[PDB]
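Participant: Starting off with a structure, shown below.
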Amino acid sequence: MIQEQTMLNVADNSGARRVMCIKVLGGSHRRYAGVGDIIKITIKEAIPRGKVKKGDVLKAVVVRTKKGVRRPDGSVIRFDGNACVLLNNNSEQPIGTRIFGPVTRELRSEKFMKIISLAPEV
Amino acid sequence: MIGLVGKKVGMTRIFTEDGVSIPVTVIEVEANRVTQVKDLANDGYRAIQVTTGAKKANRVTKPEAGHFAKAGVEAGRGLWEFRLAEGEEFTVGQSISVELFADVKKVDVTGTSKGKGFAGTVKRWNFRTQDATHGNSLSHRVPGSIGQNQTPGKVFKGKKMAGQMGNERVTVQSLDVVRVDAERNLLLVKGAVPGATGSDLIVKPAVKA
Amino acid sequence: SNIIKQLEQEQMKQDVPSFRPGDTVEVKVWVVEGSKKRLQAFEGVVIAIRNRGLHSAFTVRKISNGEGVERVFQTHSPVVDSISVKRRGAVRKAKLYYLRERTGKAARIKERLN
Amino acid sequence: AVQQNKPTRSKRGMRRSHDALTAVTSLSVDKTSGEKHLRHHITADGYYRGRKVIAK
Amino acid sequence: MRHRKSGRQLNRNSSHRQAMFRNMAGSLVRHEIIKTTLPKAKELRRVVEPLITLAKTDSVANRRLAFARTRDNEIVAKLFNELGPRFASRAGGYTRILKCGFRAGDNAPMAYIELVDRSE
RNA sequence: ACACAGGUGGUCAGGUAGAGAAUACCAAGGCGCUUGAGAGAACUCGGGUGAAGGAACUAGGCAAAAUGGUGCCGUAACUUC
RNA sequence: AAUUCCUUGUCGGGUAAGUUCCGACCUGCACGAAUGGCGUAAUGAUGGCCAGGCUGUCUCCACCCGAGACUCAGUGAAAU
RNA sequence: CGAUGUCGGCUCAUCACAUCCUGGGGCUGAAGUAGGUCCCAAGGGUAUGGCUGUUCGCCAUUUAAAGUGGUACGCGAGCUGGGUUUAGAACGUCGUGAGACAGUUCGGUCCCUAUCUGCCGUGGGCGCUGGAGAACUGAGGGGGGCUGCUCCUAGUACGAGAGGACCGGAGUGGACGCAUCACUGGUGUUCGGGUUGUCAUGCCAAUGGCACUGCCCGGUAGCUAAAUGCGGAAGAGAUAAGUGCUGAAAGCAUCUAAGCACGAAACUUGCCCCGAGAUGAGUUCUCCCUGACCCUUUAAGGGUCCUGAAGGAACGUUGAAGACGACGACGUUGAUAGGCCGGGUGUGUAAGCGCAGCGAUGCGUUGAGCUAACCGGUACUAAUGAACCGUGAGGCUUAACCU
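Sequence order for the protein chains is B, X, D, H and A.
The letter at position 84 of the first sequence is residue 84 when you use the UniProt record's numbering, and the numbering goes up by one with no holes.
The letter at position 16 of the second sequence is residue 16 when you use the UniProt record's numbering, and the numbering goes up by one with no holes.
The letter at position 1 of the third sequence is residue 2 when you use the UniProt record's numbering, and the numbering goes up by one with no holes.
The letter at position 22 of the fourth sequence is residue 23 when you use the UniProt record's numbering, and the numbering goes up by one with no holes.
The letter at position 22 of the fifth sequence is residue 22 when you use the UniProt record's numbering, and the numbering goes up by one with no holes.
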C-alpha cells in the first residue's frame, strides 16, 4: 500500500484527480507509508480547466490510507484506496487553499501547517 | 543487586485515560526464599543464593541433592545466585517479593527462546529459495558449500551451517516496569517478553548503560 | 489462581450490552487523547463481535453509498461514553467481512425483533 | 566402485564392533509363573505379572 | 512433525482403517468381548467409547451418529437400553483391554477387549 | 530379455447428464497383477489453500493462474461481396 | 533491408530508460530485372514488436495434503 | 600429449589495497557555503532497472557510496546454456571445388545406484589413574563492529549581493541481525455451516460416502509477516600520525636520537554468548565397598574359603520437547496420557412435528444442533516386583596422626 509504480488519488484543489507514485523516500529502505509521509508523484492525467500539466513531477503528503490511522487508546479507522495532497517544490506546504474530504487530525507537522488553517470535519 | 524468579501469566492491553494503550506482560513471582549468603568466595565481592518449593522432594538424586545440603538438608527444584553490594547480609530463610521494583524504572530479564528442533537452514539462517524452474537440482535447503576450494582443502570455521535451534539464551535489559501489585506479589512490564509459561524467569534491576 | 481468570474481571465494564454481529449499534466516545473531552459518535453495522482479552475488539463497517469505511473499537477503553443499541439485526453467519463489497440488499439485514 | 585397498582384520573390526555383539535383556520370571518370558509379554503359563480380573 | 495428531496410523488411509475396524466394531457390541492385536484392541475404543457415552440417556436424532463406522441397526437397537444405562451410575469406565497370546505370521501380541458388565 | 501398467485387424453394448461411440455416474461385465509386516526425521517429488500489489522474471509470463457451453443482441480493419 | 561491416547511419513515435519494433530518407562495402524485378489477398507447431486481461513466477514466501526416503524379516547383487 | 571441463548469466564467498561514503588531522588561488588537495585509516559500509553474450561505453532512478585489485577468468558429481563448438534454411561476397567471411539473417542437447578422506548429529568406545554425576570458574573462542530524514544551535558573524559548515542531540525512521503474537490481518484437508451432481439408501424425508480440501464461507490449538519490540550506545586501555617539553647530533638552535607526558572509527577492552577430551581432562560438593589363607616367579601368576557396595546401560504413560538420543513431566503409594464430567472457544438455529405456500421454500419449536489441540475436577483404563553389567579402600613417595 503506497508502493512505487502503483496509482494514487488526489485531495488537493483544482489540479488533478488521478496520479502515479514514483518515489517513497523520507530516509533509508522505508516502505508502506502512513499519513504524514511525503511521496514523489507524476500527473498521470490532468484536465484542461485545472492548474496542472500531464506528466509533470512534484511531491505530495499522504492523508487517506488503506492501512488506516491510529491516535486514540483503543480504536483504528481505515478507508478504500489511498489519497494525497500536492506540495510546492521548494517552499513546501499544500499547493491549494482548500482540501477534499474529512482527511486527518493526526497530521499537524509544521511542513503541512495549512491542514490546521482549515476545518474538514467540524 | 539481588533478584527474584517468576512465571508468565498473561499478555494484556491495560489502557489509560492518558491517550496510551499500554500493552503489558504479566509475571507472578514464586515468593522465593534465601538459602545462604555467599561471602569470602571471590575477593572484595558478595552474592546471595535463592530457591523455591520443590513440588516433590524425592526427585533429587545423590549428585544434585548437594545444592540443598548447603541450604538445610532437603530439596528446592532450582538454584539461582545474584550479586550483593554496599552492605553485609545475614539470612535465616526470608521471602523475596516484587517490592524491589517500586522505583527502579528498568529491569534485566532472562527469557530464553522456544524449541524448534532442526528448524531448517532456510529459516535458521534466512537461506534463500527461488523457483524450481531453470534453477536448482535436487539439493535446495543446504548452506551452500561448507568447504574451501582447492588450496586450503578444509571446512570454513564459524560459517552459518546446519544444526539445531531453540532453548538459546535470549535476554532483555531495556524493558519498562509499568506496575507492581504488592499484596498479590505481581509484576507488570511493557510489551512482550520471551520464555515459556513453565520457565522460571529471572528478574533483576537493570545495569545496562 | 491469584490473578489468572481474574485480571480482566476487575478492569472490564460490567454495564455493557450483548449486541451480536450483523447488528446496527451506534458507538459514542469522549476521544480525550490525554487532553479534553468531546462527545462524538460512529455508525454502521458490526462485522465481527467482541470476545478475547481486556481489549475485546469488534469491527464496524459504515456501509454508506459510493464509499468504503471500516472502524475497529476496543470495548473496555476508559473514553467510551455509550452504545446506543440503535437498530437490531439477524443473520445466518458469525462474521460479515463481505460487506466491504456488497452494501445493497446484502446490507439491508433483517431486524427480526418485535 | 568397490572399497579399494582391502583393510586389515583390526581395521575391519571398526565396521563390526558398534552392531556386533550388542547387549541383550535377561529373561523375566514372575512370582506366580516360573516360565521365563520377555519384560512386557505373556508367559507360556497363560499370565502376565500374575494379574487376574474378577477371579480369586 | 506429526504435531498433536491423535490416533495410531495402522496402515494406509482413514477409510481403510475404518473398513478394518468395521470387521470388529460391531462384534464388540454384539458379543460384549472381542480379540485382536494389542495396538488394535487399544485403538478399537475410538468413537466406540463416545458412542457408549452417547447411549447413556435418550435424546432426538442420535440413532444416525457414528453409523458410517458400522452401518448395522442391530447393534444400534442395543443402545439406550441393553447397552448404556448399566453404566449411568459411573458415567464412564465401560471397557478393559488385556494380553492373551501371540501370532506367528508376525510378532504381534494378541489381546482381548470386553465390557465390564456382561452376562458371560 | 521375462509369467512385462506394452502393441496388435474385424465388430458389439441398457439407462441418467450431453450433439456424441467425447465426457461424468449407475447396469451387464471384469480385478488384487508371485516379497512380507510397521512407522513418520532430514530431504526429493506432485497437488491444493493464501492478505495487499503485479511482469519487475526471462531469450520468452518460462511455470502458474484467468477464459471455457449454447441460443438471442451487436459487430472493427479488410473484401474477389 | 533475411540485402549497409564501419553504424546504436538518421529524424520523429512509444517507455522512467528503445544496438528490439513502426513510418521514412536515397552518396545501397556487395540490392536490382526467369541461377529474375517489385507488390500482395488468403495462410502459418511461423520470426520480430505493441496494447489489453489474468496471475504465488515475483514483491515475501506463509500453510497444508499425498507418494518415496526410513526399520525389521524371506530373497539379495554389480561396474572396480 | 598414459585428456587440462573451455568466457557470460544465476547461486554462495574470501584476501587485501590504490579511500567511493562515514571518523580524526593538515593544506589551499581555504571569507561565508561549496569545490580542489593528502595525512592517520583497508575497521565498518558501498545499487536496481533499460540497450549491449559480457568487458569497454551509455541512458533511467536512487545512495551515506554506488571505490579498486588478486583467487588454474574464486563459486559447473552447484545451477543455467547466452558467446564459443556439429548436423538445417536463406541474402550478399570469393572459388574449379574442398571450403572461406576484417558481411549478415531465422532455427538448434548438458553423463554418474557416493568408496575412502573432510565436516556435522545422535549412538558407542577409550578416558580425566578403585568408581558415578552436577555445579562453579576459566587458558580461550565467538557475537558486536552502523546510520537516513526533520529541526534548533544559524537567516548569526561573514559577504555589493547571492547565500550563510560544525558545535549534539531533540522529533521520526532504517539496512542488518534476533525474538515474539497483545496490536492488525493472513493461514489453519485435525472444528462448524452453506451447496451442485451422483452412489449406498425399496420409495419419500433423513444420514453418510464419492468428485484429492468437489465448490462457496467462517475458525480453535498453533503457525505467521503484510505486525511488533529490541542490539551495534556510554565508560575504559594502550599506541600511531600528531601537540609540546627535556635534549643532542651541531659549545647556539631544534619536537626525536636517547629521554618525559599527552594523543584516533586503526589496535585492545566494555557490552553480549559459548567453552575444562583445554590429554595442560581446572575447582568444589553430594554418594559409597574397611576380608583373609598357601606358594612363588612380584609395575606378577596359580591354587582356596567368607563376602556383592556407590552407580550405570535397560523398562514406562507422553508433551508445551524432538531425526534418533536428549529435554519437561511420568510408574496404582499416580491427575503423565486416554476415557468421563463440566468450563472456554468456533460455527450459526439440525432432525421430527405443527402451520402457510399450486409447489420450490419459508416460519415457529430453536440464543438450535454440533465442536479439535485451550482449562478445572475425577483413578474408570494404563505406566515390573524381579533381573543385567558392576565388589572387599584401589600405584609411587612423603610431612602429619593413631598403633
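The beta carbon of each residue, even a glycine, is placed where N, CA and C say it ideally should be.
What does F79 (chain B) touch in chain D if you count any residue whose Cβ is under 9 Å from its own?
Facilitator: Neighbours of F79 (chain B) on chain D, chain order: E68, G69, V70, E71.
Participant: Buried or exposed, going by whether 16 or more other CB atoms sit within 10 Å of the CB of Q75 (chain D)?
Facilitator: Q75 (chain D) should be labelled buried.
Participant: In whole angstroms, what is the alpha-carbon distance linking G44 (chain X) and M1 (chain X)?
Facilitator: Rounded to the nearest angstrom, the two C-alpha atoms are 15 Å apart.
Participant: Mind checking which residues open and close the alpha helix (DSSP H) that includes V29 (chain A)?
Facilitator: Where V29 (chain A) is concerned, the enclosing alpha helix (DSSP H) stretches over 25 to 31.
Participant: Alpha carbons only, please: which of X:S139, X:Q94, X:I14, X:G117 is nearest the one belonging to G54 (chain D)?
Facilitator: When each option's Cα is compared against that of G54 (chain D), the closest is X:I14.
Participant: Let me know the beta strand (DSSP E) ranges lying completely inside the stretch 67 to 98 of chain B, each 3 residues or longer, listed in chain order.
Facilitator: Entirely contained in the stretch 67 to 98 of chain B, the beta strand (DSSP E) runs reaching 3 residues are, in chain order, 75 to 79, 83 to 86.
Participant: Only counting the same chain, and skipping five residues up and downstream in sequence, which positions put a Cβ closer than 8 Å to that of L107 (chain B)?
Facilitator: Counting only Cβ-Cβ distances below 8 Å, and skipping sequence neighbours, we find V35, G36, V61, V63, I115.
Participant: Check whether the stretch 75 to 92 of chain A and the stretch 101 to 112 of chain A are in contact - that is, three or more C-beta pairs closer than 8 Å.
Facilitator: Segments in contact, no.
Participant: Using the rule of at least 16 other Cβ atoms within 10 Å of the residue's Cβ for burial, across every protein chain shown, is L40 (chain X) buried or exposed?
Facilitator: Per the 10 Å Cβ criterion, exposed.
Participant: Identify every residue that forms a DSSP beta bridge with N9 (chain B).
Facilitator: Looking at the DSSP assignment, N9 (chain B) forms a beta bridge with B:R18, B:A83.
Participant: Just how far apart, CA to CA, sit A107 (chain D) and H77 (chain D)?
Facilitator: About 31 Å.
Participant: Buried or exposed: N3 (chain D), going by 16 or more other Cβ atoms within 10 Å of its Cβ?
Facilitator: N3 (chain D) comes out exposed.
Participant: When burial is assigned at 16 or more other CB atoms within 10 Å of the CB, is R17 (chain H) buried or exposed?
Facilitator: Exposed is the call here.
Participant: What does DSSP give as the partner residues of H38 (chain H) in its beta bridges?
Facilitator: BP columns for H38 (chain H) point to H:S29.
Participant: Would you report the Cα separation of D20 (chain H) and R31 (chain B), rounded to the nearest angstrom?
Facilitator: The alpha-carbon atoms of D20 (chain H) and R31 (chain B) are separated by roughly 59 Å.
Participant: Going along chain H in order, which residues have a C-beta closer than 7 Å to the C-beta of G101 (chain A)?
Facilitator: Result: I43.
Participant: Where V193 (chain X) and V172 (chain X) are concerned, what is the direct C-alpha to C-alpha distance, given to the nearest angstrom?
Facilitator: Taking the straight line joining both Cα atoms gives about 8 Å.
Participant: Write down every uninterrupted run of the beta strand (DSSP E) in the stretch 59 to 104 of chain A whose length is 3 residues or greater and which is fully enclosed by it, in chain order.
Facilitator: The qualifying runs are 95 to 102.
Participant: Taking the continuous alpha helix (DSSP H) assigned at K40 (chain A), which residues delimit it?
Facilitator: Element bounds for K40 (chain A): 38 to 43.
Participant: Taking only the alpha-carbon atoms, compute the straight-line gap between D12 (chain B) and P94 (chain B) and give it to the nearest angstrom.
Facilitator: Distance between the alpha carbons of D12 (chain B) and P94 (chain B) is about 7 Å.
Participant: Would you please state the rounded distance, in angstroms, between the beta carbons of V46 (chain D) and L97 (chain D)? I believe it to be under 8 Å.
Facilitator: Right, their Cβ atoms sit about 7 Å apart.
Participant: Rounded to whole angstroms, what's the CA-CA distance from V122 (chain B) to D16 (chain D)? Just pull it up for me.
Facilitator: Roughly 31 Å separates the two Cα atoms.
Participant: Using a Cβ-Cβ cut-off of less than 9 Å, give me the residues of the stretch 16 to 48 of chain X that come near chain B, in sequence order.
Facilitator: Against chain B - using a Cβ distance shorter than 9 Å - the residues of the stretch 16 to 48 of chain X are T16, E17, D18, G19, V20, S21, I22.
Participant: Please decide whether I14 (chain X) counts as near chain D, where near means a Cβ-Cβ distance under 8 Å.
Facilitator: Chain D, which has a Cβ nearer than 8 Å to the Cβ of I14 (chain X), makes this yes.
Participant: Check the Cβ-Cβ distances between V9 (chain X) and every residue of chain D, and say whether any is below 8 Å.
Facilitator: Yes - at least one Cβ of chain D is within 8 Å of the one on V9 (chain X).
Participant: Kindly indicate if chain H contains any beta-carbon less than 8 Å away from that of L98 (chain A).
Facilitator: It does: the Cβ of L98 (chain A) has a partner Cβ on chain H nearer than 8 Å.
Participant: Counting only Cβ pairs nearer than 7 Å, list the residues of chain D close to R71 (chain B).
Facilitator: By Cβ distance, chain D contributes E34.
Participant: Kindly identify the DSSP beta-bridge partner or partners of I84 (chain D).
Facilitator: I84 (chain D) is bridged to D:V28.
Participant: Against chain X, does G74 (chain B) count as a neighbour if the rule is that its beta carbon must be under 8 Å from one of theirs?
Facilitator: Yes, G74 (chain B) lies at the interface with chain X (some Cβ there is under 8 Å from its Cβ).
Participant: Does the beta-carbon distance from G23 (chain D) to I84 (chain D) come in below 8 Å?
Facilitator: No. Outside cutoff.
Participant: Under 8 Å, do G166 (chain X) and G115 (chain X) count as touching if we go by C-beta distance?
Facilitator: For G166 (chain X) and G115 (chain X), yes; Cβs fall inside 8 Å.
Participant: For a contact defined as C-beta to C-beta under 8 Å, what are the partners of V54 (chain H) on chain A?
Facilitator: Correct list: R96, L98.
Participant: Can you list the residues of chain D that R179 (chain X) reaches, using a CB-CB cut of under 7 Å?
Facilitator: Simply none; closest approach about 12 Å.
Participant: On a CA-only basis, which of B:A16, B:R49, B:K44, B:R78 is nearest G55 (chain B)? Give me that one, please.
Facilitator: Out of B:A16, B:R49, B:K44, B:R78, B:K44 has the C-alpha closest to the C-alpha of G55 (chain B).
Participant: Between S27 (chain H) and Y48 (chain H), is the Cβ-Cβ spacing less than 8 Å?
Facilitator: Not closer than 8 Å, so no.
Participant: Check the Cβ-Cβ distances between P39 (chain A) and every residue of chain H, and say whether any is below 8 Å.
Facilitator: Output row for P39 (chain A): interface = no.
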